[PDB]
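>
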Ligand SMILES: [Zn+2]
Ligand SMILES: [Zn+2]
Ligand SMILES: [Zn+2]
Ligand SMILES: [Zn+2]
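Protein chains in written order, with the deposited numbering: chain I, 1 to 188, 193 to 265, 270 to 350, 360 to 391; chain J, 1 to 188, 193 to 350, 360 to 391.
What follows is the structure, given as structure tokens:
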């Protein structure tokens with residue numbers, strides 16, 4: 001099998017790429033192309049040829065149950081041999097990853113960007129028909145929730161045609177023609197959703213902060229946890245218009261709520281929601297995680313105020329490893345040599370001011386250290 | 001106790017800062033200032049006041065054995081109370097850290113920069129007397145090996161006066177006057197050491213790569229491991245003048261050397277028997293961020309286009325379960341789980366049951382991150 005690479009685009013999704021390779025190389029559809037691709041992987045003795053799908057929907061490596069390592073070996077084999085000039089196909093796929101969010105949400109990764117798993121669309125993929133007839137392909141941003149408007153046309157996305165039928169471009173091509181009525185779909193204008201769509205796309209959108217793309221999706225997942233509901237585009241832009249003193253206003257109202265509802273107060277009894285729900289979003293890089301960077305800025309100037317209220321909050325050995333980013337073996341070693349001053362791992366024997374100053378002594382890094390929020 | 005902050009400088013060392021606070025606040029030396037500082041920490045009921053040293057040599061928190069957590073609480077207490085305007089003193093100290101280098105070298109951290117532990121000077125600290133009489137303080141770069149010339153005066157550092165006596169600024173002040181002869185020290193000019201000194205200082209030095217300061221010291225420790233000797237300033241700049249095709253020339257010569265001298269059947273070849281030196285000596289320098297670790301980023305670039313060439317020579321290299329966790333950055337509990345559900349295809362942990370091409374593609378499937386992923390060396 002010998003193929004031709006189409007016009008490359010670094011924002012094209014993986015399912016939109018196989019349609020354009022099949023249409024350029026004269027195949028009938030993408031079902032035929034993947035079935036002929038599985039035939040080629042059999043002929044050169046690939047170990048997981050039989051797990052290569054003929055369905056466009058399950059092509060991505062998060063779809064594969066145990067073929068995840070054989071799927072990316074299959075994707076790396078095709079880009080090196082079957083093309084006149086080697087394409088980029090691993091950079092368009094959505095891989096699983098071991099990275100977790102706060103508190104326990106898993107994640108997926110696409111090239112140089114990490115997405116939340118819960119914000120991945122799985123029922124029906126919306127689309128913009130203006131991009132389908134100008135760019136000629138589909139973007140990866142249509143697979144994730146929150147991205148509701150087009151960042152370059154300011155038009156809302158479509159999930160249903162005028163005849164009640166849905167339109168999925170993976171099964172109905174890239175042209176924009178419906179299946180039942182075989183007609184182009186008629187379109188269905194705000195500003196707050198347009199700003200977030202231009203912000204999630206990777207461009208500078210004010211007043212939203214200039215963050216890497218892995219961190220911009222972490223704030224959207226974090227904002228859905230604060231309101232404890234779905235994502236609101238209006239209150240999200242307004243919250244960062246008063247940055248950082250709007251985020252300071254919440255933490256004051258949370259500690260006034262939990263004090264009224270004192271030497272026995274724990275860290276999970278006063279700051280159990282804000283602190284543990286902001287550690288890994290996606291990681292502890294305080295240069296880019298502005299939520300954990302500002303929360304540690306607020307708790308630094310309040311350690312020994314109010315007779316040491318914050319610095320005397322009790323902690324376990326489990327939740328000490330979450331803050332210090334270490335293991336229970338190093339915690340049990342630091343009670344042997346007693347760098348950390350007092360074993361039951363679920364026992365409250367440590368104070369927050371001692372854990373905060375142990376981090377400034379033995380557990381800083383080049384990314385998780387205090388020198389960014391100064 | 002009420003003190004005055006001197007002129008602040010973000011490159012001043014910690015031992016040079018306490019001398020300038022004591023000289024501004026009218027103390028006699030730094031020995032009577034730290035001893036008066038220990039007296040203040042006793043008066044406000046600090047838990048580790050009795051471990052606060054009166055020696056300026058052991059003022060850094062890596063010198064404290066068990067009281068390293070009490071030392072940084074002592075440093076955080078002084079900056080908040082005893083000054084008219086709060087200084088920055090935790091940012092000048094040299095803390096220990098849990099970060100290891102390759103293969104097993106420990107590390108220290110100073111603010112936003114991680115240093116190798118073995119490159120930390122412990123016998124005698126050299127100095128530049130021109131910076132002592134112009135800037136008025138000392139820099140932290142004088143505490144680390146490799147930094148041999150001044151990056152702004154291009155003069156070699158001094159460890160010995162003209163009368164045979166050493167000059168340590170921690171015990172002899174910041175002026176530049178010797179102890180025996182009480183005279184200023186007479187100085188003792194290349195280019196290759198001047199480039200590395202301007203590169204380790206944090207400025208752009210060509211042809212050396214634009215890296216963060218935590219990674220620039222990692223290359224110097226790595227270059228001492230390749231030659232298996234001390235650091236050479238001439239061959240270091242020349243090696244990055246032919247980047248990356250000079251580093252490609254070594255890996256070709258290593259796999260040709262190892263294959264010819266292999267003691268086992270070409271199919272029984274292991275990853276430690278062919279690439280045991282280059283791969284395991286480049287994982288954590290300091291970490292796996294392939295955006296800035298250009299050694300591991302280029303070694304995985306070279307081994308990607310050679311997996312199934314030569315009848316799958318690289319992709320059939322045997323690995324253990326121990327050295328699978330080093331590459332995947334995981335634990336032995338997740339490895340034992342992936343032999344239960346069999347995402348990874350075959360328990361004795363020191364047994365060679367896995368191939369390198371399967372571990373490399375399992376990483377592209379289940380173990381990428383925002384920093385350790387393939388999308389940087391494309
Ligand atoms: Zn659009
Ligand atoms: Zn229709
Ligand atoms: Zn200079
Ligand atoms: Zn002299």
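C-beta: ideal position from N, C-alpha, C; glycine also.
Taking Cβ positions, are residue 281 of chain I and residue 258 of chain I nearer each other than 9 Å?
A contact, by the Cβ cut-off of 9 Å.
> Consider the C-beta atom of residue 200 of chain I and the heavy atoms of ligand 1; say whether any pair is separated by less than 8 Å.
Checking the Cβ of residue 200 of chain I against ligand 1 gives no.
> Tell me whether residue 120 of chain J, by its Cβ, gets closer than 8 Å to a heavy atom of ligand 3.
Every heavy atom of ligand 3 is 8 Å or more from the Cβ of residue 120 of chain J, so no.
> Pick helix, strand or coil for residue 106 of chain I, following the three-state DSSP scheme.
Three-state result, residue 106 of chain I: strand.
> At a cut-off of 8 Å, would you count residue 180 of chain I as near ligand 2, judging by its Cβ distance to the nearest heavy atom?
Under cutoff, so the answer is yes.
> Closest to residue 330 of chain I by CA distance: which of I:383, I:152, I:276, I:48 is it?
If we check each option's Cα against that of residue 330 of chain I, I:276 comes out closest.
> What would DSSP say about residue 151 of chain J, mapped onto helix, strand or coil?
Of the three classes helix, strand and coil, the one that applies to residue 151 of chain J here is coil, per DSSP.
> Answer yes or no: do residue 61 of chain J and residue 72 of chain J have a C-beta to C-beta separation smaller than 9 Å?
Against a cut-off of 9 Å, the Cβ pair of residue 72 of chain J and residue 61 of chain J comes out as a contact.
> Rounded to whole angstroms, what's the CA-CA distance from residue 30 of chain I to residue 52 of chain I? Just pull it up for me.
Taking the straight line from one Cα to the other gives about 13 Å.
> Measuring straight from C-alpha to C-alpha, what distance separates residue 106 of chain J and residue 291 of chain J?
Whole-angstrom Cα-Cα distance: 12 Å.
> What does the alpha-carbon distance come out to for the pair residue 155 of chain I and residue 117 of chain J?
In a straight line, the C-alpha of residue 155 of chain I is about 57 Å away from that of residue 117 of chain J.
> Go ahead and label residue 351 of chain J buried or exposed: buried means 16 or more other beta carbons lie within 10 angstroms of its beta carbon, across all protein chains shown.
In this structure residue 351 of chain J is absent; chain J steps straight from 350 to 360.
> In three-state DSSP terms, what is residue 12 of chain J?
Of the three classes helix, strand and coil, the one that applies to residue 12 of chain J here is strand, per DSSP.
> Looking only at its chain, what residues have a beta carbon closer than 6 Å to the beta carbon of residue 311 of chain J, apart from the 5 residues adjacent to it on each side?
Correct list, in chain order: 318, 319, 370.
> What is the DSSP secondary structure of residue 208 of chain J, counted as helix, strand or coil?
Here residue 208 of chain J sits in coil by DSSP.
> Using a beta-carbon distance cut-off of less than 8 Å, what residues from the stretch 335-349 of chain I approach chain J?
Residues passing the 8 Å Cβ filter: 338, 345, 346, 347, 348, 349.
> Can you tell me whether DSSP reads residue 170 of chain J as helix, strand or coil?
In this structure, residue 170 of chain J counts as helix in the three-state DSSP scheme.
> For residue 320 of chain I, does the three-state DSSP call read helix, strand or coil?
Coil at residue 320 of chain I, not helix or strand.
> Within the chosen definition, does the stretch 247-256 of chain J reach the stretch 335-348 of chain J through at least 3 CB pairs nearer than 8 Å?
No, the stretch 247-256 of chain J does not touch the stretch 335-348 of chain J.
> How many angstroms separate the CA atom of residue 172 of chain I from the CA atom of residue 150 of chain I?
Going from the Cα of residue 172 of chain I to the Cα of residue 150 of chain I covers about 20 Å.
> Determine the extent of the beta strand (DSSP E) in which residue 182 of chain J is found, giving its start and end residues.
Where residue 182 of chain J is concerned, there is no enclosing beta strand (DSSP E), given that its DSSP letter is neither H nor E.
> For ligand 1, is there a heavy atom less than 8 Å away from the beta-carbon of residue 130 of chain I?
It does: the Cβ of residue 130 of chain I is within 8 Å (strictly closer) of some heavy atom of ligand 1.
> Leaving out the 5 sequence neighbours to the left and right, which residues in its chain are closer than 6 Å to residue 13 of chain I when beta-carbon positions are compared?
So the qualifying residues of the chain are 138, 140.
> Go ahead and label residue 2 of chain I buried or exposed: buried means 16 or more other beta carbons lie within 10 angstroms of its beta carbon, across all protein chains shown.
Classification of residue 2 of chain I: exposed, given that the 10 Å Cβ count is below 16.
> Residue 277 of chain I CB to nearest chain J CB: under 9 Å?
No, because no Cβ of chain J sits closer than 9 Å to the Cβ of residue 277 of chain I.
> Under 8 Å by Cβ, that's how I've got residue 126 of chain I and residue 285 of chain I pegged, so tell me the actual separation to the nearest angstrom.
Not confirmed; about 29 Å, so no contact.
> Considering only their Cβ atoms, is the gap separating residue 299 of chain J from residue 226 of chain J smaller than 9 Å?
Taking 9 Å as the Cβ cut-off, residue 226 of chain J and residue 299 of chain J qualify as a contacting pair.
> According to DSSP, simplified to helix, strand and coil, what is residue 160 of chain J?
Residue 160 of chain J: strand per DSSP, three-state reduction.
> For a test of your reading of the model: does the CB of residue 13 of chain J fall under 8 Å from any non-hydrogen atom of ligand 3? Yes or no.
Checking every heavy atom of ligand 3 against the Cβ of residue 13 of chain J, none is found closer than 8 Å.
> What's the gap between the Cα of residue 100 of chain I and the Cα of residue 288 of chain I?
Each residue's Cα considered, the two are about 7 Å apart.
> Kindly list, in the order they appear in chain J, the residues whose Cβ is closer than 7 Å to that of residue 222 of chain I.
Within 7 Å Cβ-Cβ: nothing; residue 222 of chain I doesn't reach chain J, min ~10 Å.
> Alpha carbon to alpha carbon, how far is residue 32 of chain J from residue 179 of chain J?
Their Cα atoms are separated by approximately 19 Å.
> Helix, strand or coil for residue 3 of chain I per DSSP?
Residue 3 of chain I falls in the strand class under three-state DSSP.
> In this structure, does DSSP put residue 368 of chain J in helix, strand or coil?
Reduced to three states, the DSSP call for residue 368 of chain J is strand.
> Give the interface partners of residue 290 of chain I over in chain J, defined as CB-CB distance under 9 Å, in chain order.
Going along chain J in sequence order, the residues near residue 290 of chain I (Cβ under 9 Å) are 382, 383.
> Are there any heavy atoms of ligand 5 lying less than 8 Å away from the beta-carbon of residue 152 of chain J, as far as the coordinates show?
In the structure shown, ligand 5 is absent; the only ligands present are ligand 1, ligand 2, ligand 3 and ligand 4.
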